[PDB]
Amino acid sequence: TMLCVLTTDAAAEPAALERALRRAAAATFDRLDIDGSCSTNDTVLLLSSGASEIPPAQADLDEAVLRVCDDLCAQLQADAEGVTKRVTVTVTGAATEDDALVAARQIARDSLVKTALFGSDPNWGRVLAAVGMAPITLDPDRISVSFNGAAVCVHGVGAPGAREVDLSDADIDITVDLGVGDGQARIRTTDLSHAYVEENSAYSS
């Protein structure tokens, strides 16, 4: 479960706080996916005391809430159950914005991607297996993948040196281009480790 309380002494009406919370959550919380299990208790609350008596322009309210949520998301990612890799999955070149998000979630949730990432293996094949299952417009010929900047997959086939890519560092960036439009999306995830399994099986939580 993810609980989140946001307080502000900025002055805004309920309609204005709703805007800032809905845009922020949609762009951050809705894109934080650690183990694919959505809980029965998730709440984000935005409270205004207005004690500064300054009413900001909407975009300044939006932006500020957005950035607070994002940073919380990063801290959440960094302290996920048994995390050893802070994985960001970006999908670009999709047919629509939604397609990209669906592609990114598909990759981030996949047991094989996550266990490969845990062992520092740049098993890019598993990434392509995963994304091929996403209910989106896809051309297996036009897919490219980079792990931490280094290309591992070029137009559907292996890029020279792929299996040599170093993934021993905690941070891992995955960019997947689908070359079918320009929709794009990013998901924060983590790996599937022994520590995640021990923690979720050794005791009731």
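Note that residue numbering begins at 1 and tracks the sequence as displayed.
170-178 or 56-64, whichever carries the higher mean Cα B-factor: Mean B over CA atoms: larger for 56-64.
Options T40, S144, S49, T43 - largest CA temperature factor per the record: The C-alpha B-factor peaks, among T40, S144, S49, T43, at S49.
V165 CA temperature factor, ranked by third within the chain: Highest third.
CA B-factor ranking of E97, expressed as a third of its chain: It falls in the top third of the chain.
Assigned third (lowest, middle, highest) for the C-alpha B factor of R188: Ranked within chain, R188 CA B lands in the middle tercile.
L138 CA temperature factor, ranked by third within the chain: As the PDB entry reports it, the C-alpha B-factor of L138 lands in the middle third of its chain.
Where the record places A159 (Cα B-factor, split into thirds across the chain): Answer is middle: the recorded C-alpha B-factor places it there.
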